[PDB]
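Undergrad: The structure under discussion is supplied below as structure tokens; questions concerning it will follow.
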Amino acid sequence: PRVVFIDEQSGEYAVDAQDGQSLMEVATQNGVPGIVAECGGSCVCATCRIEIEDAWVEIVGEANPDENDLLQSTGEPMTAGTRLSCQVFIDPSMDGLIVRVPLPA
Ligand code: FES
């Protein structure tokens, strides 16, 4: 597909992806800040607080109440589309996706 990332360093990172790729991997491919490099998708960390644009959350489908709960346990605020991007992946359902990065969290 096609894609569009965002961040607080460039305020945008237009890109593209392929069914099976996450919005965290495109980044590094798009030269995006790639501000993560934590577990690499191993599913052992929870700091990859990425944010899908507010148009594709209903397209991407944030994480279930399992991965979203453990993260909410802390008590920090969250918006619509906040989910482990690294755990997300492209499909002919989320083509031309638009990503986003939260504030210093
Ligand atoms: S990068 Fe570790 S869970 Fe997303």
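Residue numbers start at 1 in each chain; chains themselves are named A, B, ... in the order of the structure tokens; ligands are numbered from 1 in the order shown.
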Name the residues of segment 3-104 of chain A that come out as alpha helix (DSSP H) in a backbone DSSP run; write them as a list in words.
TA: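 After running DSSP on the backbone, segment 3-104 of chain A has alpha helix (DSSP H) at residues 25, 26, 27, 28, 29, 30, 57, 58, 59, 60, 67, 68, 69, 70, 71 and 72 of chain A.
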Undergrad: Go ahead and dump the residues you just picked, N, CA, C and O atoms, as a PDB file, in the first residue's frame.
TA:
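Below is the file selection_18.pdb, written as the result:
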```
ATOM      1  N   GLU A  25       7.874  -0.137  11.082  1.00  0.00           N
ATOM      2  CA  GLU A  25       8.946  -0.580  10.204  1.00  0.00           C
ATOM      3  C   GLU A  25       9.043   0.310   8.987  1.00  0.00           C
ATOM      4  O   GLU A  25      10.147   0.631   8.548  1.00  0.00           O
ATOM      5  N   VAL A  26       7.910   0.748   8.441  1.00  0.00           N
ATOM      6  CA  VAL A  26       7.996   1.632   7.296  1.00  0.00           C
ATOM      7  C   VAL A  26       8.964   2.733   7.650  1.00  0.00           C
ATOM      8  O   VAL A  26       9.950   2.978   6.968  1.00  0.00           O
ATOM      9  N   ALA A  27       8.650   3.375   8.756  1.00  0.00           N
ATOM     10  CA  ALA A  27       9.447   4.465   9.291  1.00  0.00           C
ATOM     11  C   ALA A  27      10.908   4.349   8.908  1.00  0.00           C
ATOM     12  O   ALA A  27      11.407   5.095   8.065  1.00  0.00           O
ATOM     13  N   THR A  28      11.592   3.418   9.555  1.00  0.00           N
ATOM     14  CA  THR A  28      13.007   3.214   9.306  1.00  0.00           C
ATOM     15  C   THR A  28      13.254   3.155   7.812  1.00  0.00           C
ATOM     16  O   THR A  28      14.295   3.594   7.322  1.00  0.00           O
ATOM     17  N   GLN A  29      12.273   2.638   7.085  1.00  0.00           N
ATOM     18  CA  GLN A  29      12.376   2.558   5.633  1.00  0.00           C
ATOM     19  C   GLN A  29      12.168   3.938   5.013  1.00  0.00           C
ATOM     20  O   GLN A  29      12.754   4.266   3.982  1.00  0.00           O
ATOM     21  N   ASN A  30      11.325   4.738   5.655  1.00  0.00           N
ATOM     22  CA  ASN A  30      11.021   6.092   5.180  1.00  0.00           C
ATOM     23  C   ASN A  30      11.994   7.118   5.759  1.00  0.00           C
ATOM     24  O   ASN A  30      11.816   8.322   5.577  1.00  0.00           O
ATOM     25  N   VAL A  57      -7.735   4.496  12.298  1.00  0.00           N
ATOM     26  CA  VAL A  57      -7.851   3.708  13.488  1.00  0.00           C
ATOM     27  C   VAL A  57      -8.986   2.734  13.315  1.00  0.00           C
ATOM     28  O   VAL A  57      -8.919   1.579  13.733  1.00  0.00           O
ATOM     29  N   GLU A  58     -10.017   3.216  12.644  1.00  0.00           N
ATOM     30  CA  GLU A  58     -11.170   2.398  12.346  1.00  0.00           C
ATOM     31  C   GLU A  58     -10.854   1.529  11.136  1.00  0.00           C
ATOM     32  O   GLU A  58     -11.639   0.664  10.747  1.00  0.00           O
ATOM     33  N   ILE A  59      -9.672   1.762  10.557  1.00  0.00           N
ATOM     34  CA  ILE A  59      -9.212   0.997   9.397  1.00  0.00           C
ATOM     35  C   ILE A  59      -8.176  -0.015   9.835  1.00  0.00           C
ATOM     36  O   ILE A  59      -8.060  -1.110   9.285  1.00  0.00           O
ATOM     37  N   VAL A  60      -7.398   0.407  10.809  1.00  0.00           N
ATOM     38  CA  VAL A  60      -6.317  -0.383  11.338  1.00  0.00           C
ATOM     39  C   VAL A  60      -6.784  -1.262  12.482  1.00  0.00           C
ATOM     40  O   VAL A  60      -6.420  -2.435  12.567  1.00  0.00           O
ATOM     41  N   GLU A  67      -3.650  -5.644  25.207  1.00  0.00           N
ATOM     42  CA  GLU A  67      -2.420  -4.874  25.048  1.00  0.00           C
ATOM     43  C   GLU A  67      -2.654  -3.404  25.379  1.00  0.00           C
ATOM     44  O   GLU A  67      -1.716  -2.668  25.682  1.00  0.00           O
ATOM     45  N   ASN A  68      -3.915  -2.984  25.319  1.00  0.00           N
ATOM     46  CA  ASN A  68      -4.276  -1.601  25.613  1.00  0.00           C
ATOM     47  C   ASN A  68      -4.506  -1.405  27.109  1.00  0.00           C
ATOM     48  O   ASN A  68      -4.388  -0.294  27.624  1.00  0.00           O
ATOM     49  N   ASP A  69      -4.834  -2.493  27.798  1.00  0.00           N
ATOM     50  CA  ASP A  69      -5.078  -2.441  29.235  1.00  0.00           C
ATOM     51  C   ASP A  69      -3.765  -2.351  30.004  1.00  0.00           C
ATOM     52  O   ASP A  69      -3.573  -1.450  30.822  1.00  0.00           O
ATOM     53  N   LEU A  70      -2.863  -3.289  29.735  1.00  0.00           N
ATOM     54  CA  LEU A  70      -1.566  -3.316  30.400  1.00  0.00           C
ATOM     55  C   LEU A  70      -0.876  -1.958  30.297  1.00  0.00           C
ATOM     56  O   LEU A  70      -0.205  -1.519  31.230  1.00  0.00           O
ATOM     57  N   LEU A  71      -1.049  -1.298  29.155  1.00  0.00           N
ATOM     58  CA  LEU A  71      -0.444   0.009  28.928  1.00  0.00           C
ATOM     59  C   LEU A  71      -1.218   1.098  29.665  1.00  0.00           C
ATOM     60  O   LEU A  71      -0.645   2.096  30.100  1.00  0.00           O
ATOM     61  N   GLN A  72      -2.525   0.895  29.802  1.00  0.00           N
ATOM     62  CA  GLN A  72      -3.380   1.856  30.487  1.00  0.00           C
ATOM     63  C   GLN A  72      -3.233   1.731  32.000  1.00  0.00           C
ATOM     64  O   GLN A  72      -3.611   2.633  32.747  1.00  0.00           O
TER      65      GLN A  72
END
```
Undergrad: Within 9 Å of ligand 1, counting only C-alpha atoms and all ligand atoms, which protein or nucleic acid residues do you find, written as a list in words?
TA: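 So, counting only C-alpha atoms and all ligand atoms, the residues near ligand 1 are residues 24, 36, 37, 38, 39, 40, 41, 42, 43, 44, 45, 46, 47, 48, 49, 50, 83, 84, 85, 86 and 87 of chain A.
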Undergrad: So that I can check the surroundings of residue 8 of chain A, please list as a PDB file with C-alpha atoms, in the first residue's frame every protein, DNA and RNA residue that reaches within 9 Å of it, counting only C-alpha atoms and ignoring chain neighbours fewer than 4 positions away.
TA:
```pdb
ATOM      1  CA  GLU A  12       5.301  14.357   8.523  1.00  0.00           C
ATOM      2  CA  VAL A 101       3.732  10.178  16.757  1.00  0.00           C
ATOM      3  CA  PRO A 102       2.633  11.342  20.245  1.00  0.00           C
ATOM      4  CA  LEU A 103       4.350  13.876  22.496  1.00  0.00           C
TER       5      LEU A 103
END
```
Undergrad: List the spatial neighbours of residue 7 of chain A as a list in words - criterion: any atom at most 12 Å away, only C-alpha atoms, same-chain residues fewer than 6 positions off excluded.
TA: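 After dropping sequence-adjacent residues, the list is residues 13, 14, 27, 31, 32, 33, 34, 35, 50, 51, 52, 53, 98, 99, 100, 101, 102, 103 and 104 of chain A.
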Undergrad: So that I have them on file, write out the residues from the current selection with C-alpha atoms, as a short mmCIF file (atom, residue, chain, number, x, y, z; two decimals), in the first residue's frame.
TA:
```
data_model
loop_
_atom_site.label_atom_id
_atom_site.label_comp_id
_atom_site.auth_asym_id
_atom_site.auth_seq_id
_atom_site.Cartn_x
_atom_site.Cartn_y
_atom_site.Cartn_z
CA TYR A 13 6.78 11.24 7.01
CA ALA A 14 4.82 10.25 3.90
CA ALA A 27 9.45 4.46 9.29
CA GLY A 31 13.97 7.54 7.09
CA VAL A 32 11.46 8.36 9.82
CA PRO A 33 12.82 9.19 13.28
CA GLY A 34 12.25 5.51 13.96
CA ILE A 35 12.16 6.52 17.60
CA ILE A 50 2.76 5.08 18.10
CA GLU A 51 -0.43 6.71 16.82
CA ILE A 52 -2.33 5.98 13.62
CA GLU A 53 -3.93 9.03 12.04
CA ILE A 98 -1.47 7.64 7.81
CA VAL A 99 0.57 7.34 10.96
CA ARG A 100 1.40 9.76 13.78
CA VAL A 101 3.73 10.18 16.76
CA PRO A 102 2.63 11.34 20.24
CA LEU A 103 4.35 13.88 22.50
CA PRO A 104 7.31 13.25 24.85
#
```
Undergrad: In Å to one decimal, how far is atom CA of residue 90 of chain A from atom CA of residue 17 of chain A?
TA: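 Value for the atom CA of residue 17 of chain A-atom CA of residue 90 of chain A distance: 6.7 Å.
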